[PDB]
Every structure is written in C-alpha cells, then in structure tokens.
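Enquirer: Please work out how this folds:
(2 chains, ligands or ions: 2)
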Number of protein chains: 2
Amino acid sequence: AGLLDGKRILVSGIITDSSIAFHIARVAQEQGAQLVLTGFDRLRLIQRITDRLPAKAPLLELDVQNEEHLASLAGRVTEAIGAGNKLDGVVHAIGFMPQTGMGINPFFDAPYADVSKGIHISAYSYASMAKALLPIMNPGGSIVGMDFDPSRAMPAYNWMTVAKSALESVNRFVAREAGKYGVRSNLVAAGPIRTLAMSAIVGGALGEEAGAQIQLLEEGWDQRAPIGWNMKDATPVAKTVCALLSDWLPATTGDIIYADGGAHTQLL
Amino acid sequence: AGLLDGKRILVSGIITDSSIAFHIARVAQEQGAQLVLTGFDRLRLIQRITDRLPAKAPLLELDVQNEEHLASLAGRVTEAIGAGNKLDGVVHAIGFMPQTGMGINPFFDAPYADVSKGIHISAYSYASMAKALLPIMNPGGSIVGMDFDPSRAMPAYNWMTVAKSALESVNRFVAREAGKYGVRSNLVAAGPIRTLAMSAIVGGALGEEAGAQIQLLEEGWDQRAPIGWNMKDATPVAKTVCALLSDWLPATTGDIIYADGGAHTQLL
Ligand SMILES: NC(=O)c1ccc[n+]([C@@H]2O[C@H](COP(=O)([O-])OP(=O)(O)OC[C@H]3O[C@@H](n4cnc5c(N)ncnc54)[C@H](O)[C@@H]3O)[C@@H](O)[C@H]2O)c1
Ligand SMILES: NC(=O)c1ccc[n+]([C@@H]2O[C@H](COP(=O)([O-])OP(=O)(O)OC[C@H]3O[C@@H](n4cnc5c(N)ncnc54)[C@H](O)[C@@H]3O)[C@@H](O)[C@H]2O)c1
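Expert: Residues are numbered from 1 along each chain as shown, chains lettered A, B, ... in the order given. Ligands and ions are numbered 1, 2, ... in the order given. Have a look at this structure:
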C-alpha cells in the first residue's frame, strides 16, 4: 500500500509545524510519496521544522515573486530528484495579504498596491508555478492549490477573499493548459484551520472586531457542518489533497473540492 | 412616465457611439434621468460623441488609476449637479486588459505587471469609484457595473475573465458597505456585444485564432439563448441597467443580473 507510492510531489508552503503544507507533507510521505520542498523566506527555520518529517526531503528556495527563482525552478527540481525523472504532483499551499486588505481596516481602504501583491502571491502565483513545472510532469499528474470559498462575502477577510475568487478563476485556465500535458489542476477549499497566523488573528492580531468576527465565523462552521468541523485538525484536509494527488480522481480537473465538513452546503 | 424621472445618474465608459455606456446614457435620458459624465483619455472626442445624446450633460475627466481625480470626484459632481443635491445612480461601464493577458498570447505568458493594471482598472476600480461617491448618494440609490460571466473558462479572454471573477467578488464587498448608506451595488452580466474594440478583435485584431475563437463563442450564444441573442443591439442590455437604476428592484444588491438571452442557463 501507499496511496502515493513512488510518486514525486513537490510541496509548497511549510512555514511552521502549524502550516497545512506541513501536514500534507507528512500524510504524503506516510503514503509512500517522495517530496522535494520549497521554502520561502526564513529557510533555516523551515529547514529545522522539515526535520521532524517522517523522512528527509531536499528543500529549495522560492519566492513566488522573483522571476529568476521561477526561471530556475525546473532545473533545480530535476537536479535534485535526479535526471530522467519527473514529478507527479505539485501543491500550492501558499498565499498572503497585507494588513490593510485584510483585518479591521475598512475594505475601501486598502491600497491597490497592497491589494496587488496579495493577488500576485495568492492567485497569479498558481499560474507561474504551473507554467514553470508543467514541463517536468508525468502524465496523469496533479496540481493542487488550497482554496477558501469566496463565493459569498464574509467579513474581515476582505481582499483575501477577492484574491481567492481570482484563484478559482485562474485554476480553470490552468486546467486548460495542463490538459495538453494530460495533467490535472484542482483546488481544495478548506474550512477554517488554526494555523499559526490564524491563531494570531483570532487573538488580538488584526484588530479586536476583526478577531471577534473570525471567532464567530469559526463557530458557524462546526454548527453547520453535518459531520462537524474541528478547527485544530488539518489531517482531514491533508488526506483530501492526498486523495487528489492520487490516481483515484482521474476524471476531474478545473474543479474545487470542499474539504469542509459539509458547511458550504447548509444554510443553518 | 420616465422610469428614471428626476434622478441623478453618473455614467462611466462612453468612448464611441458603439460603447455600451453610451447606450445606457441614451435610454437613461429618454427615461427622464439627468446624467453627468465621466470621460477617460480622449476627452475632446468623448465630448463630440456625447453631443448626439438626446440631452446636454456635463462631462468630467477621470482616469480610474489616478488618485487625485478620485480624490476630487465628489466635489466635481456636486459642483456640477449643483449643491444640496445628490445622485441616485452610478454606472461602471469600464474595464481594460493589455494585449498580453487577452488574445493569442498564451495564458501563462502574461506579465503580472500587465495582468495587474487590468485588475486595477477592471475590478478594483469598482471599489474606488464607490468609496468616492457613496457619500453623495440619496438612499435607495444604485451602483451598477458591467459584467461577463467568468464562471467557466472560455478561450481567448484569459486574464479578462480572471479580472471579471474578481469584479464579482468585489461587488459583494461593496454591497456590504453600500448597505450602510442604504444604497445598492449590482452587476449586469451582458452577452457578447459588437462594440468597437470587440469588432476589431473579431477582425484580425488580437490574432487570427483568438479572433476565430470569439466568432464561435459569439455564435454559441444566439443558438443557446432561448429567445436568441443579437450581438449588435446593446439596447436590451441598456434597458436592464435601466431597470436596476430604478426603484423596481429594491430588495436586491450583492447580485448579478444576466442580461443575456438565457444563454447562461442552457447547455446546448
Ligand atoms: N488556514 C485556513 O483557515 C485556510 C483555509 C482554507 C484555505 N487556506 C489556504 O491554505 C494555504 C496554506 O496556508 P496556511 O493557512 O497553511 O498558512 P501559513 O501561514 O502556513 O502560510 C502559507 C505560506 O505563504 C508563504 N508565502 C508568502 N509569500 C510567499 C512567497 N513570496 N513565496 C513563497 N511562499 C510565500 C509563507 O511562506 C507560508 O508558507 C493558504 O494559502 C490559505 O489561503 C487556508
Ligand atoms: N462588449 C462586451 O461583449 C461586453 C460584454 C459583457 C460585459 N462587458 C463589459 O462592459 C463594459 C463596457 O465596455 P464596452 O465593451 O462598452 O467597451 P468600450 O471599449 O466602449 O470601453 C469601456 C471603457 O474603458 C475605459 N477605460 C480604460 N481605462 C480607463 C481609465 N483609466 N479610466 C476610465 N476609463 C477607462 C475606456 O475609456 C472605455 O470607455 C466593459 O467593462 C466590458 O467588460 C462587455
């Protein structure tokens, strides 16, 4: 067994043992996968976290906002995974929005320059990463991004929700391109998870009201979710992406998979 | 009669007698409205077109990308419409994407810098215009933007479709803010219309394939539309926005109104 046996998945995200990426990576590895990692800013730190993973995995720098990193991605991955080999999976657990477009700050009040690098890192990054790595994929490969239902306005999230709405719209376009390589591109829309930086926001982080608005949003969930919703266990979201990086969901691409306890489907 | 009798609607867009904005403005005026206009780049030209309108209307410069214009909008509109008066409507007939994110150019191939000012002008502009004018609206006012169903990938449009998906997501957030002023914000999703620059693209404009891909998309429509779809008559789209700027659609905000012959609802 090993759902993901002898597969090469490259994982994005992992910033702390709290990060979802981290949890996919573990579940992934127990499942027989073989990762290669991408780090962003504090590489030495990611490095140290990455060591508690059930298995060693090469880590590589990558600021999704720097061309030369992207220019050189593919080389690097091969160079590591070893030539004559290609990868079967790529996971985009990444996003970011500046103080302003999120939190307490009124909505109309975010600078388009701020709003922008959010879009640049949260949505557009999906395309860059795919155009860059699509050339090294075995057929029947999988590309996956982490989503958060932006289909109805919620409060406090503001422009991060707008950035996700774009994510949803970019994925459809990547599905089109990946199609030619016989590779799939999909989004897993998670329920709220207590990641670190989430934690910080439900604390005083972005504001008081902002915070109390999450708290509540966070509770609507478990209520609504017919099978409930644990905001502290990213394991169910990890096993889904794990289903998607696998060959058991072969006829589905442009798609979004609600890994949310059912919440999105119930009114109250 | 005069659906829009003694109402102050400020219209965005009008670049040629072909432009939709132009058509709303006419229908608007025959309906008893009283406009005030916004021009973008070639003001003298807009000016000359604007004269064939059934009625005189003050025109004002406004590059939705220049802060000081937005900073000074409200003053200008009052200054014109005359102090002690407020407007009941605002129409956002505006958008734009650089060669690259549209047309023949592959999707992965657009620079985020290009992709960006599209987003900046097409989506984000909706928010700026609203934060700026919301202070001068009578209650039960209306804000309307022009939409184009981005809910399924289409070809050739690329990033303009992504920009509209964001538009749809911004509107929901503006509905929230407009709510406090008791003003409404909605999107009219049009079918394809032969505007000038559209014309140019179905000609050789953006590319050959790009062009032949519109042509076809353009025909799927009238087929699909149970009551059909005339790509050369922007009158039905104009009368809808006209319904929406009016008090007959009072309980509906965050919304998108399909002004499309029914196309969006039928598979084949
Ligand atoms: N946590 C939630 O409640 C929730 C729910 C549904 C979806 N998601 C999405 O899941 C994804 C995973 O994020 P998370 O919540 O695990 O949080 P997280 O704080 O662990 O960080 C996600 C990452 O963004 C990275 N980042 C920012 N700029 C970058 C850049 N230039 N290059 C590379 N990485 C960069 C950080 O290094 C970090 O890894 C997020 O994108 C989030 O939108 C999250
Ligand atoms: N034509 C269609 O098939 C179609 C269909 C559905 C929706 N829409 C939308 O309808 C809206 C109306 O556009 P149209 O198709 O009538 O085309 P159009 O070419 O008449 O131009 C729309 C406008 O964008 C303006 N523009 C660009 N940058 C600007 C700036 N910085 N400041 C102010 N104006 C600026 C131009 O001046 C022009 O008026 C568009 O936004 C389009 O997305 C169009």
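Enquirer: just checking, what packs against the helix or strand hosting residue A:176?
Expert: According to DSSP states H and E, residue A:176 maps onto helix A:159-179. Packing partners of helix A:159-179 (3 or more CB pairs under 8 Å, 6 or more residues apart in numbering or on different chains; DSSP states H and E): helix A:112-119, helix A:125-133, strand A:137-147, strand A:184-190, helix B:159-179. Heads up, the C-betas are built off the backbone N, CA and C, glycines and all.
Enquirer: Next up, the contacts around the residue lying closest to residue A:95 once chain neighbours are set aside.
Expert: Using CB to CB, 6 or more residues apart in numbering or on different chains and skipping the chain neighbours, the partner closest in space to residue A:95 is residue A:122 (3.9 Å). By CB atoms under 8 Å, 6 or more residues apart in numbering or on different chains, residue A:122 lies in contact with A:94-97, A:160, A:163-164, A:166-167.
Enquirer: of the helices and strands packed on helix A:159-179, which approaches ligand 2 most closely?
Expert: For ligand 2, the closest of these is helix B:159-179, at 6.8 Å, according to CB to the nearest ligand atom.
Enquirer: Give me the buried positions along that closest one.
Expert: Residues B:159-178 are the ones in helix B:159-179 that count as buried (16 or more other CB atoms under 10 Å in any protein chain shown).
Enquirer: I'd guessed residue A:159 sits against residue A:117; true?
Expert: No - between residue A:159 and residue A:117 there is no contact, the gap being 10.8 Å when judged by CB atoms under 8 Å.
Enquirer: Burial check on residue A:1, number of neighbours?
Expert: 5 (other CB atoms under 10 Å in any protein chain shown).
Enquirer: nearest spatial neighbour of it, skipping sequence neighbours?
Expert: In this structure, residue A:1 finds its nearest non-sequential neighbour in residue A:32, 7.7 Å apart by CB to CB, 6+ apart.
Enquirer: how near is that neighbour to residue A:85?
Expert: 16 Å (CB to CB, to the nearest Å).
Enquirer: How about residue A:21?
Expert: Counting by CB to CB - residue A:21 and residue A:85 are separated by 22 Å.
Enquirer: who has more neighbours, these two?
Expert: Counting neighbours by other CB under 10 Å for residue A:21 and for residue A:85 shows that residue A:21 has the greater number, 26 against 13.
Enquirer: For the residue nearest to the more buried one when sequence neighbours are not counted, which residues are in contact?
Expert: Sequence neighbours aside, residue A:13 is the residue nearest to residue A:21 in space, at 2.6 Å (criterion: CB to CB, 6+ apart). Listed by CB under 8 Å, 6+ apart, the contact set of residue A:13 reads A:19-22, A:24, A:38, A:91-94, A:146.
Enquirer: With residue A:12 instead?
Expert: By CB under 8 Å, 6+ apart, the neighbours of residue A:12 are A:21, A:38, A:62, A:90-94, A:129.
Enquirer: So what touches the host helix or strand of residue A:243?
Expert: When elements are assigned from DSSP H and E, residue A:243 belongs to helix A:235-244. Helix A:235-244 has contacts (CB under 8 Å, 6+ apart) with A:3-4, A:20, A:23-24, A:26-28, A:31, A:91, A:142, A:144, A:146, A:186, A:188, A:190-191, A:193, A:230, A:249, A:257, A:259.
Enquirer: ranges for the strands of chain A?
Expert: A:9-11, A:37-39, A:59-61, A:87-92, A:137-147, A:184-190, A:256-259 (DSSP state E).
Enquirer: Throw those strands into JSON lines and include mean neighbour count and distance to ligand 2, thanks.
Expert: JSON lines is the format used below for those (neighbours: other CB atoms under 10 Å in any protein chain shown; distance: least, CB to the nearest ligand atom, whole Å):
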{"stretch": "strand A:9-11", "mean neighbour count": "27", "distance to ligand 2": "37"}
{"stretch": "strand A:37-39", "mean neighbour count": "24", "distance to ligand 2": "36"}
{"stretch": "strand A:59-61", "mean neighbour count": "17", "distance to ligand 2": "37"}
{"stretch": "strand A:87-92", "mean neighbour count": "26", "distance to ligand 2": "28"}
{"stretch": "strand A:137-147", "mean neighbour count": "21", "distance to ligand 2": "25"}
{"stretch": "strand A:184-190", "mean neighbour count": "25", "distance to ligand 2": "25"}
{"stretch": "strand A:256-259", "mean neighbour count": "19", "distance to ligand 2": "24"}
